[PDB]
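Visitor: no sequence on hand, only this structure:
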Ligand SMILES: *[C@@H]1O[C@H](CO)[C@@H](O[C@@H]2O[C@H](CO)[C@@H](O[C@@H]3O[C@H](CO[C@H]4O[C@H](CO)[C@@H](O)[C@H](O)[C@@H]4O)[C@@H](O)[C@H](O[C@H]4O[C@H](CO)[C@@H](O)[C@H](O)[C@@H]4O)[C@@H]3O)[C@H](O)[C@H]2NC(C)=O)[C@H](O)[C@H]1NC(C)=O
Ligand SMILES: *[C@@H]1O[C@H](CO)[C@@H](O[C@@H]2O[C@H](CO)[C@@H](O[C@@H]3O[C@H](CO[C@H]4O[C@H](CO)[C@@H](O)[C@H](O)[C@@H]4O)[C@@H](O)[C@H](O[C@H]4O[C@H](CO)[C@@H](O)[C@H](O)[C@@H]4O)[C@@H]3O)[C@H](O)[C@H]2NC(C)=O)[C@H](O)[C@H]1NC(C)=O
Ligand SMILES: *[C@@H]1O[C@H](CO)[C@@H](O[C@@H]2O[C@H](CO)[C@@H](O[C@@H]3O[C@H](CO[C@H]4O[C@H](CO)[C@@H](O)[C@H](O)[C@@H]4O)[C@@H](O)[C@H](O[C@H]4O[C@H](CO)[C@@H](O)[C@H](O)[C@@H]4O)[C@@H]3O)[C@H](O)[C@H]2NC(C)=O)[C@H](O)[C@H]1NC(C)=O
Ligand SMILES: *[C@@H]1O[C@H](CO[C@@H]2O[C@@H](C)[C@@H](O)[C@@H](O)[C@@H]2O)[C@@H](O[C@@H]2O[C@H](CO)[C@@H](O[C@@H]3O[C@H](CO)[C@@H](O)[C@H](O)[C@@H]3O)[C@H](O)[C@H]2NC(C)=O)[C@H](O)[C@H]1NC(C)=O
Ligand SMILES: *[C@@H]1O[C@H](CO)[C@@H](O[C@@H]2O[C@H](CO)[C@@H](O[C@@H]3O[C@H](CO)[C@@H](O)[C@H](O)[C@@H]3O)[C@H](O)[C@H]2NC(C)=O)[C@H](O)[C@H]1NC(C)=O
Ligand SMILES: *[C@@H]1O[C@H](CO)[C@@H](O[C@@H]2O[C@H](CO)[C@@H](O[C@@H]3O[C@H](CO)[C@@H](O)[C@H](O)[C@@H]3O)[C@H](O)[C@H]2NC(C)=O)[C@H](O)[C@H]1NC(C)=O
Ligand SMILES: *[C@@H]1O[C@H](CO)[C@@H](O[C@@H]2O[C@H](CO)[C@@H](O[C@@H]3O[C@H](CO)[C@@H](O)[C@H](O)[C@@H]3O)[C@H](O)[C@H]2NC(C)=O)[C@H](O)[C@H]1NC(C)=O
Ligand SMILES: *[C@@H]1O[C@H](CO)[C@@H](O[C@@H]2O[C@H](CO)[C@@H](O)[C@H](O)[C@H]2NC(C)=O)[C@H](O)[C@H]1NC(C)=O
Ligand SMILES: *[C@@H]1O[C@H](CO)[C@@H](O[C@@H]2O[C@H](CO)[C@@H](O)[C@H](O)[C@H]2NC(C)=O)[C@H](O)[C@H]1NC(C)=O
Ligand SMILES: *[C@@H]1O[C@H](CO)[C@@H](O[C@@H]2O[C@H](CO)[C@@H](O)[C@H](O)[C@H]2NC(C)=O)[C@H](O)[C@H]1NC(C)=O
Ligand SMILES: *[C@@H]1O[C@H](CO)[C@@H](O[C@@H]2O[C@H](CO)[C@@H](O)[C@H](O)[C@H]2NC(C)=O)[C@H](O)[C@H]1NC(C)=O
Ligand SMILES: *[C@@H]1O[C@H](CO)[C@@H](O[C@@H]2O[C@H](CO)[C@@H](O)[C@H](O)[C@H]2NC(C)=O)[C@H](O)[C@H]1NC(C)=O
Ligand SMILES: *[C@@H]1O[C@H](CO)[C@@H](O)[C@H](O)[C@H]1NC(C)=O
């Protein structure tokens, strides 16, 4: 036998997409509610979605994974609220709200379950607004604008790396400045995970009542832009939220804040109602794919293993979050030794003369 | 005969540039009055400009054509006005104006010949100013800034597609809010097509008189950025106005708005005068070319035909708008079957042995 | 002999980087004090730095050179000052200042050694601030923002070309408007070249006293962005300052402006002190290199010659400004005639038959 | 991706205008490979003789989308060309060993492809490339056939 | 750099999932070149049969960094491929005349390279390429050796 | 377009500095092809041995203009190389069959081209490529001439 080195420029292998990569394109099929890029077509080969595969690969930089496991970012519901001032002695604002699946911040268990925050590596950009504009036209159409928050939330702070996000997160709260300790200093989330899955066809209502006015913050219709800062420094990835939002329906709310006199003192109430949901689809294009299943990441040996897992292109509202998502790409050329039964040859010219002599 | 498939990587064919393409570069030869990119050289082969050709091609997306015919955008004069506040009891403003060949909006024949407007697909960008700045330095140099108008004008709404432009258009008008119906609601264009062609060397004057003050809008020294929205969605093309503006001279005006008492009530007058014009040249570079002639577009079969038409690179003020302009590019490789008199061969090794035996 | 034309795709030659090139990347190893891009690694081949070479090349556009010679930009110290208003009857501001090696403007010898200035080719961008902000949090971290000054400084106005820079330069001065001729109208530089080299480990103090309040201008933490305007027009090069700043330590200052009554009239004093310096390293990456030595540029014949000069990749604080820096890049393919002892051949097929007949 | 060619024999306009007469016959029926060679000869010469990118024009580009997309098509075309097997006697363009059937590909599909159409009556390039890739392997075409080896091995 | 392939026989998902069974054997020991040929056969066919860039998706790209970095890797790979010397009987992929030593490169280095690792126990690609470049020159490999010329020149 | 090479035998600085001694003779007169081969040998080895783009540096790039202009030149150069005809015995660089006239191209034109000049006394590369393209066609050079076929066919 003769074994030689061989170069295969297009191997049928895949590589994991890492946090040191630059952002990739994720296409959604609904321009009304989600910014671009937009594509409403089905996958080019719909019969191939969901094929099973066994995976055992390594990496150099931490892979990008979504789900509930070590090394993957957990999903949760995020709320974006538009506030319109009202000239009336009994009402303060009229509300429009959008709820969707997004990236979950970590929680401070010392405080009242507040988000873990960081001030490291503040980027350049337009600051998030602190005041409601005096006028807002075309409330039905939602305008998404990139925004920089007063502080960054922490998405991961363990041996798999440190991920932070400078996009704002919105919640209901009370000022509690210039007041006594009776003022509650806890934040309230008007929507939870159940509002996106359970009883889609029915009418949903939410009510908040307190003796103090309700404020919303941080403001800004802006989506997460996470990045890694330890042990390596990488660029922002504003496309990851697009994959999570298509895993569930998005819910559209409307409502108001009103005021009435209770116990000889002002009483403030927030009402929100919804009977409308929108289904979405989010896809990546070749040479990018998705690996879905029980992804296991081992940070000590830098190995990714997943047994009996599926290969997909698109995420829709039938996704089960028992599984996890790993972003992959078709790999570059590789070098491999292979064995032949004859020595290496450059041309068949000697070979041709063999049958010429036989033909004489 | 033996007929085989052949690949030609550099065929001498051309492809039409469509509205789904990204913007291309157009070079002007005058930096003082027109923004970049700038190139003042003549075409590399001046002796080849104007060669005649017969064209019969197809397309997939609507082609970009300029002129007066179905499927092409009509040109018209646009006016950009710089206005400076004046502290005087008899004058309101001093004026600087530029008039150039541009893209013509459609006209509402129901109203007083107002422009057809649309609110669809509002882009992101700096809003167009609504108030005159209190001070303006260096009025002699004109600063062009991209701008988003309150509404988009419509350039085409037929079976060839829907083209809209979110850049502002400026006209003279009267504020009729809080007034009677005696105030005219019409809008006046201070310059027309004739001011760019007829009597270039003569002095041009324009006078407007009314009992109501004259306002200019929309403001902003901004050029058209048209795009297609139906039946396909494509990017903006801010370079198309550069080709039209070179087909005529541009005219520079100056003037003022003054006030005097007539019939015991204020009387407002606008004076503009001009004795200066600037000739320009606009060019595209290879692999892009221009097809000029009687271009015919058939939307049912998606065919472009043009008999006895010229191939050009540059547009100057000697252009005749009896003809139309089609943007084209050199085509990519093509596949063609051709016939040989012998079977396909990989090497001449067998051929070489033929004369070796003959040479023995 | 037979001499044929040959093409060498990767010759071991170099080309000079000119002002018509687009900006290249320069990596610094300190994210705290200098913006990105950041790389703290040593050169890949540290044993090759400083190899000697003789150079004799031509050019088409003026080369980019730094140092003290015809055709090269001279370095000098630039100061960036942060001002924080203080509410106190005896003090005006608290100060933070950074001093580093930068590009030197030309000097008007007619005036009180003021900078030569130009108003040509004003770029688009955010104007430089004219007023001190009332809210400046996190003064310890310095935020660098691109800025457009009221006027451009001139860096070169000779037969080698005209280089101008629209970035601001800051100095101490008095208003001297509404005052008498006794008001000094000269600008003062709080730091000089000696403050970066002499007595690094010692304490540095600077004091300014006058009967008129001290103002700083132009404001803005913005680095030079020079460009060529004559006889050719090229893009800005905001990376050249990164190479100069690493040739010396950068000095960090702090201080205040205070007020006291002297001779029954207000007396204003500026105090600055420093006991901290930071060393830096700046590098370029292959295929870019640096040529360091006695670089000579001849504009009449467009030749660059340098005898016994070193090749480098990184600049640090041990650099001697007796030498100069020329930016170079590995060259593209070239055409060269070479001679063979036999005629040109396409295949060895005839050669192979020669030993076949001999082997019979 | 942008060049200024002053000293070339023919410009892009002359190459396109002069080849149009012969392009009429190419659109109507199958021609000989010599006919195709004369038609594309000056176009291939023009695109093999540009020297360097015009730096004066290149450094003024603001939006890179159209340039990058153009470069991606050129890179893909070069990759496919490196894999093709071509007849030895023609070097301006590649002639593959794939025989034209004319029962799978009626001439109207070829004419529509030459005109720049991509409708459902046009020749499918992706399907055609798959056939050529499988039929052009070296172990099937590099060694001359029996009828050629026997003909030359007469003694 | 982005294509929509509708009429191809196999998509990227099927190509990746079907080859995974044979990839287990490739990760364990040295296989024959025929075995490697079958493993990569459908992947090479897919990447030689795309027609044109999907313009609908390409014109919507906002950040070009990831696209440009991908194109740079492809351009570098094509440059190195143009310089390699390959066995005549295999055209899908290049077999170099460099003999595998197995004393310098233990199989564990090869397995780590196939898995996508770049640690200090992985095969050094840059060092391997330098060895192959110096050992594959035309004046050392194009002319068949004496044992081959003598064997065929028996009369 | 940006790499970090740690384990290569020679860096870019050493390749440039070591070859400068021989470059003096190349600037003065015509040398043999063996001389040119030795002069460029280590430079060609360096540019065939880089492994992958340094991702730590590449993802920090803000302005892509210089990188795209560099890639466009490399793509154009690769396209022209794929069309050239080269002598079989030299594979590091391409030797064309175009005979050097020395009456059309005085040596001073060649020296100015090697120095990187583009004035009116410099060799015109575009005109030279057109001349080489027309003279290097396969039907004119692949078949050896009569004096070579007759010499080997002595019996
Ligand atoms: C972007 O891409 C996503 C991909 O998911 C599309 O989402 C799909 O949207 C369609 C249209 O809205 C949805 O279809 C609708 O589903 C409902 C019925 O199915 C439910 O109920 C039955 C039993 O009744 C169950 O078997 C089933 O599992 C579902 O729970 C109804 O809301 C709709 O019915 C309407 O149409 C049918 C047929 O025409 C009529 O009979 C009805 O009277 C009624 O009019 C409808 O069928 C679909 O479920 C979504 N797919 C999901 C969520 O995975 C987006 O539409 C697409 N967006 C754009 C803009 O292209
Ligand atoms: C960008 O590129 C455009 C290309 O169109 C250039 O435009 C040309 O500019 C030149 C210079 O301004 C113009 O030439 C001028 O034309 C006029 C004379 O020609 C007219 O009149 C005669 C009879 O008098 C007719 O025969 C002829 O057909 C024309 O109708 C005059 O305005 C000028 O004359 C001046 O120069 C001549 C010669 O030096 C003197 O004799 C005169 O006394 C006088 O000084 C001049 O010749 C030319 O017409 C333009 N071309 C057009 C419009 O197509 C731009 O200049 C260029 N810009 C930059 C910045 O490079
Ligand atoms: C970016 O890259 C630059 C590359 O220049 C790095 O700069 C180097 O930084 C180090 C660490 O600060 C400097 O080393 C320090 O130098 C001083 C001593 O050297 C001087 O004095 C001796 C004699 O006393 C002379 O021989 C010598 O020439 C110098 O004049 C001291 O400040 C420091 O000493 C400290 O460490 C030593 C050893 O650990 C202890 O003995 C001391 O007690 C003390 O703790 C130190 O050695 C080095 O000089 C810099 N190089 C230069 C200026 O060229 C940057 O650090 C790097 N930045 C980052 C963020 O990576
Ligand atoms: C080597 O090159 C020489 C010179 O080439 C000429 O000068 C260069 C500097 C460039 O400008 C070239 O483009 C230019 O051709 C060639 O000699 C030339 O040969 C031609 C063809 O035989 C001669 O043309 C003829 O000359 C006379 C007088 O006009 C008449 O017989 C004909 O009408 C015809 O024009 C030409 O004069 C001659 N030039 C010189 C300067 O001697 C030479 O052929 C070439 N060697 C080759 C190709 O092997
Ligand atoms: C491709 O380019 C070549 C030139 O490189 C073109 O060949 C040229 O064709 C013209 C027109 O037929 C020839 O002109 C002829 O000259 C004389 C009179 O001077 C006479 O024979 C004819 O009346 C005619 O005018 C020209 O000589 C010839 N040039 C050559 C052969 O070098 C060719 O036509 C081009 N082909 C295409 C398809 O573009
Ligand atoms: C690469 O793609 C080819 C097809 O282009 C694959 O070959 C195909 O393999 C399948 C599975 O073995 C064959 O199906 C077989 O068909 C019959 C019943 O119809 C029977 O023999 C088996 O039960 C099996 O189902 C299919 O015919 C065959 N297609 C061919 C030869 O054209 C090949 O497996 C792929 N290889 C890789 C590594 O991806
Ligand atoms: C291209 O690179 C090669 C190496 O890959 C260079 O060859 C090397 O040249 C040096 C200097 O002549 C040789 O050193 C010699 O070593 C011994 C003593 O140790 C003695 O023969 C001499 O005194 C000399 O110092 C070195 O061995 C040699 N390396 C080899 C042959 O592998 C070559 O010079 C480079 N050429 C260019 C143009 O850059
Ligand atoms: C929340 O409830 C309000 C109030 O009922 C809904 O708004 C009304 O919707 C009905 C049904 O289309 C309309 O006829 C009314 O004109 C709407 N306005 C009012 C003041 O009654 C609203 O649609 C609900 N929001 C959501 C998201 O379902
Ligand atoms: C474009 O096509 C027209 C129409 O066929 C050509 O004009 C005819 O040319 C023929 C051939 O010389 C003449 O016999 C006719 O008299 C011409 N005129 C007609 C039919 O009206 C024309 O030459 C073609 N143009 C180009 C540039 O090739
Ligand atoms: C046109 O008229 C409108 C309506 O009066 C002007 O807007 C008003 O501007 C005055 C300025 O004193 C304000 O007091 C009003 O509150 C404005 N009204 C509204 C509804 O906004 C507008 O400025 C005028 N435009 C021009 C160009 O003169
Ligand atoms: C419009 O007319 C004004 C007023 O005549 C012109 O401005 C004068 O131009 C002359 C001729 O150069 C100068 O001497 C005067 O100083 C200018 N000012 C005044 C107040 O008279 C103006 O140039 C004309 N505008 C155009 C565009 O031709
Ligand atoms: C300039 O001098 C001030 C005043 O001494 C320094 O600030 C003090 O630094 C010391 C030493 O760390 C601290 O203990 C003090 O708290 C600081 N403040 C005061 C008010 O004393 C300052 O560090 C010096 N600046 C530089 C750049 O060296
Ligand atoms: C082969 O093609 C030629 C033209 O190239 C034609 O003249 C000849 O008739 C053909 N032979 C046939 C059809 O047998």
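Guide: Received, thanks. Numbers count the residues shown, from 1 in each chain, chains lettered A, B, ... in the order given. Ligands and ions are numbered 1, 2, ... in the order given.

Visitor: in the chain, which spans are helices?
Guide: Just so you know, I chose chain A. In chain A, the helices defined using DSSP state H lie at A:194-197, A:240-245, A:349-358.

Visitor: not quite, go with chain D.
Guide: Under the criterion DSSP H, helices of chain D are mapped to D:12-26, D:33-46, D:55-58, D:65-83, D:107-114, D:125-135, D:138-141, D:146-152.

Visitor: is chain A within reach of the fourth one?
Guide: What that stands for is helix D:65-83. No. Using C-beta under 8 Å from any C-beta of the partner chain as the criterion, no contacts between helix D:65-83 and chain A are found, and the smallest distance is 8.7 Å. Where C-beta positions appear, they are placed from N, C-alpha and C, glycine not excepted.

Visitor: tell me the buried residues in that helix?
Guide: Neighbour-count burial for helix D:65-83 flags D:65-72, D:74-81, D:83 (criterion: 16 or more other C-beta atoms under 10 Å in any protein chain shown).

Visitor: ok now that helix, how far from the chain's centre?
Guide: Between the mean C-alpha point of helix D:65-83 and the mean C-alpha point of its chain there is a distance of 14 Å (C-alpha atoms, centre = their mean, to the nearest Å).

Visitor: for it, packing partners?
Guide: Using 3 or more C-beta pairs under 8 Å, 6 or more residues apart in numbering or on different chains; DSSP states H and E as the contact criterion, the elements in contact with helix D:65-83 are helix E:55-58, helix E:65-81, helix F:65-81.

Visitor: circling back: JSON lines for the helices of chain D, including distance to ligand 9?
Guide: Output for these, formatted as JSON lines (distance: least, C-beta to the nearest ligand atom, whole Å):
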{"stretch": "helix D:12-26", "distance to ligand 9": "6"}
{"stretch": "helix D:33-46", "distance to ligand 9": "15"}
{"stretch": "helix D:55-58", "distance to ligand 9": "30"}
{"stretch": "helix D:65-83", "distance to ligand 9": "28"}
{"stretch": "helix D:107-114", "distance to ligand 9": "17"}
{"stretch": "helix D:125-135", "distance to ligand 9": "29"}
{"stretch": "helix D:138-141", "distance to ligand 9": "41"}
{"stretch": "helix D:146-152", "distance to ligand 9": "44"}
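
Visitor: and ligand 4, which of those is closest to it?
Guide: With distances scored as C-beta to the nearest ligand atom, the stretch of the helices of chain D nearest to ligand 4 is helix D:33-46 (17.2 Å).

Visitor: in that closest one, what counts as buried?
Guide: Neighbour-count burial for helix D:33-46, counted by 16+ other C-beta under 10 Å, picks out D:33, D:36-37, D:39-46.

Visitor: so who does the closest residue to residue A:314 other than its chain neighbours touch?
Guide: Beyond its immediate neighbours in the sequence, the residue positioned closest to residue A:314 (C-beta to C-beta, 6 or more residues apart in numbering or on different chains) is residue A:283, lying 4.1 Å away. Residues in contact with residue A:283 (C-beta atoms under 8 Å, 6 or more residues apart in numbering or on different chains) are A:26-27, A:39, A:43, A:313-315.

Visitor: quick one: the helices of chain A as JSON lines, columns for mean neighbour count and distance to residue B:86 too.
Guide: Formatted as JSON lines, those follow (neighbours: other C-beta atoms under 10 Å in any protein chain shown; distance: least, C-beta to C-beta, whole Å):
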{"stretch": "helix A:194-197", "mean neighbour count": "16", "distance to residue B:86": "60"}
{"stretch": "helix A:240-245", "mean neighbour count": "24", "distance to residue B:86": "53"}
{"stretch": "helix A:349-358", "mean neighbour count": "16", "distance to residue B:86": "91"}
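
Visitor: and those helices as JSON lines, adding distance to chain D?
Guide: Putting these into JSON lines (distance: least, C-beta to the nearest C-beta, whole Å) gives the following:
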{"stretch": "helix A:194-197", "distance to chain D": "36"}
{"stretch": "helix A:240-245", "distance to chain D": "21"}
{"stretch": "helix A:349-358", "distance to chain D": "5"}
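
Visitor: nearest to ligand 10, out of those helices?
Guide: helix A:240-245 (38.2 Å).

Visitor: what's the first-to-last distance across stretch A:192-199?
Guide: End-to-end distance for stretch A:192-199: 13 Å, by C-alpha to C-alpha, to the nearest Å.

Visitor: which residues sit against that stretch?
Guide: With contact meaning C-beta under 8 Å, 6+ apart, stretch A:192-199 is reached by A:76-77, A:99-101, A:204, A:248-251, A:274, A:277.

Visitor: just the buried members of the residues you listed?
Guide: In those, burial by neighbour count holds for A:77, A:99-101, A:204, A:248-251, A:274, A:277, counting by 16+ other C-beta under 10 Å.

Visitor: what residues does chain D put near chain C?
Guide: D:52, D:55-56, D:59.

Visitor: can you do 7 Å?
Guide: Applying the criterion C-beta under 7 Å from any C-beta of the partner chain, the portion of chain D that neighbours chain C consists of D:55-56, D:59.

Visitor: what sits closest to residue A:139 if chain neighbours are left out?
Guide: residue A:96 is the one closest to residue A:139 (C-beta to C-beta, 6+ apart), at 5.6 Å.

Visitor: quick one: which of the contacts of residue A:283 is nearest residue C:210?
Guide: Closest approach to residue C:210 among the contacts of residue A:283 (C-beta to C-beta): residue A:26, at 61.3 Å.

Visitor: what's the burial count for that closest one?
Guide: Taking other C-beta atoms under 10 Å in any protein chain shown as the criterion, the count of residues near residue A:26 is 22.

Visitor: help me confirm that residue A:28 comes into contact with residue A:280.
Guide: Yes. With the criterion set as C-beta atoms under 7 Å, residue A:28 and residue A:280 qualify as a contacting pair; they are 5.9 Å apart.

Visitor: identify the contacts common to these two.
Guide: Counting by C-beta atoms under 7 Å, 6 or more residues apart in numbering or on different chains, the shared contacts of residue A:28 and residue A:280 are A:34, A:246.

Visitor: ok, residue D:37 - contacts?
Guide: With C-beta under 7 Å, 6+ apart as the criterion, the residues that contact residue D:37 are D:90, D:92.

Visitor: my bad, residue A:294
Guide: Contacts for residue A:294 were tallied using C-beta under 7 Å, 6+ apart; they are A:306-307, A:309.

Visitor: which of these are buried, as a PyMOL select command?
Guide: Entered in PyMOL, the line below selects the buried ones among the contacts of residue A:294, by 16+ other C-beta under 10 Å:
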select buried, chain A and resi 306+309
